[PDB]
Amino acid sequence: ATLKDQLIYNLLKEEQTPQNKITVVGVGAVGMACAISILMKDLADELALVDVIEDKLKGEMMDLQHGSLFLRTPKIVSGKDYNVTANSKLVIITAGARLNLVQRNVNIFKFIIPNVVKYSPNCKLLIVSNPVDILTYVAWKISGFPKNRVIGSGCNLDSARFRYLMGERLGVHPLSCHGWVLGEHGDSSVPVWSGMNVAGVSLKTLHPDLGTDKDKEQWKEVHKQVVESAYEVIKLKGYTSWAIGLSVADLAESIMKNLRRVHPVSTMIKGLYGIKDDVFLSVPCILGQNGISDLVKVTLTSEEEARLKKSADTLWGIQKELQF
C-alpha cells in the first residue's frame, strides 16, 4: 500500500464532472486578470485555460495552482486542446493580440468558436477580444447559438469608467452614481444623459445643459475622459488588465449565480431603434443562467438613436465583407 491509502480510506472513486465551470481563452493581459477576478469572487468550481503559446499557458496555470490554498476553486486546468473546456457554463474569449485587427481575429475565431461549441454546446459565450461588437457577431454566426447565449462585453467597461469619473466629480461612490454608456464599444459609444442620476434625481433635469457643448461645467468631458483614459493607460502601462478583469468577473457573477441584474452588454440589436442589419450593440441586459434573457428598451433621443444606427451601418459594412 501507500501513505495515501494508509492515511485515507476511500468510499467512492468516480472522477466526478464539475457543476460550475468557466473557461478563459487567451491567457493574455486581459485573460489573466479575468481569471484572478473570477477565482477571488468564488464563481467557478473548475477553471480551464486555453492558449496557442503552450509555455506561457503552463506557467500561468501553475502560478494560479500555487495560490490554491488562498482560493475556493479546487480545479485549475489548462491546454492547447479544447478537451480541457468540456462542459463549461461560461466561455470567455480574450484571445488574439492588442480592418487588419478585424480580419486577423476573424481567422483566430474560425478555430476558437467551433472548438468551444464542440466541447461545451450549451455554454454562454462572453466575447472580450476587440472589436468586441464585430467579433460578438462573428462568434454568434460561427457558433449558431441563439442570441441570448452570445454575450459581448461591449460598453460594460465604458459604463464602469463613466460611473468612476461621475463618482469622482460628485464625491459619491460609483455604485451610487448611475449612468449608462451604450451602443458601439470604444470611441463611438453613446452617453445616455437622460439616465444619468444619483438617488433617482435626473442630472439632466437639474442641469439642462448636461452633455451639450453649451455646458459651463463641461459634463460632456466625463464621456470624453472615458475614451481619453483608455488610450492614456495604453500610453502609460502598455496594456489594460485590472479594470476589464473586474468588469468581466461582474458579468460572470450575474451569469453563474443567475442574479438577473441589468448590465451594459453587446447584443443582437436588429429590430430595435430602426436597425435592420445583423449587428451587435450594447444595451442594458438582464443577465441570468441563460445569458441575455431580457433587454431594457431605453428611450433614446433622435440624436442618440441616429448614433446607434450609424454605428450599426458602419459595423455591417465591415461584417458583410467578412469571409467565414
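Basically, rigid core = biggest C-alpha set you can superpose within 1.5 Å across the two forms. A residue's number is simply how far along the shown sequence it sits, counting from 1.
Trainee: Compare 99 to 107 with 113 to 121 and report which one shows the larger root mean square C-alpha deviation from this form in 9 other deposited structures of this protein once the rigid core is superposed.
Mentor: Comparing 99 to 107 with 113 to 121, the larger C-alpha deviation in 9 other deposited structures of this protein belongs to 99 to 107.
Trainee: Rigid core superposed, root mean square over structures and residues, which stretch has C-alphas farther from this form in 9 other deposited structures of this protein, 74 to 82 or 221 to 229?
Mentor: After superposing on the rigid core, the more displaced stretch in 9 other deposited structures of this protein is 221 to 229.
Trainee: Per the entry, how many residues of the deposited chain go unmodelled between residue 173 and residue 174: none, 1 to 3, 4 to 9, or 10 or more?
Mentor: Gap between residue 173 and residue 174: none, chain continuous.
Trainee: Averaging CA B factors per stretch from the PDB record, which one is higher: 50 to 58 or 263 to 271?
Mentor: That would be 50 to 58.
Trainee: Tell me which stretch has the larger mean Cα B-factor in this entry, 199 to 207 or 185 to 193.
Mentor: If you average the C-alpha B-factors of 199 to 207 and of 185 to 193, the larger mean comes out for 185 to 193.
Trainee: When the CA B-factors of 159, 78, 143, 254 are compared as recorded in the entry, which is the largest?
Mentor: That would be 78, according to the entry.
Trainee: Using the temperature factors of the C-alpha atoms in this entry, rank residue 63 within its chain: lowest, middle or highest third.
Mentor: Within its chain, residue 63 is a middle-third residue by C-alpha B-factor, going by the deposited values.
Trainee: Grab the CA temperature factor for residue 96 from the record and place it in the lowest, middle or highest third of its chain.
Mentor: For residue 96, the deposited C-alpha B-factor lands in the highest third.
Trainee: Looking at the C-alpha B-factor of residue 306, is it in the lowest, middle or highest third of its chain?
Mentor: As the PDB entry reports it, the C-alpha B-factor of residue 306 lands in the lowest third of its chain.
Trainee: Lowest, middle or highest third: where is residue 250 by C-alpha B factor in its chain?
Mentor: Tercile = lowest for this residue's CA B-factor.
Trainee: Which third of the chain does residue 127 land in by C-alpha B-factor: lowest, middle or highest?
Mentor: Bottom third by C-alpha B-factor.
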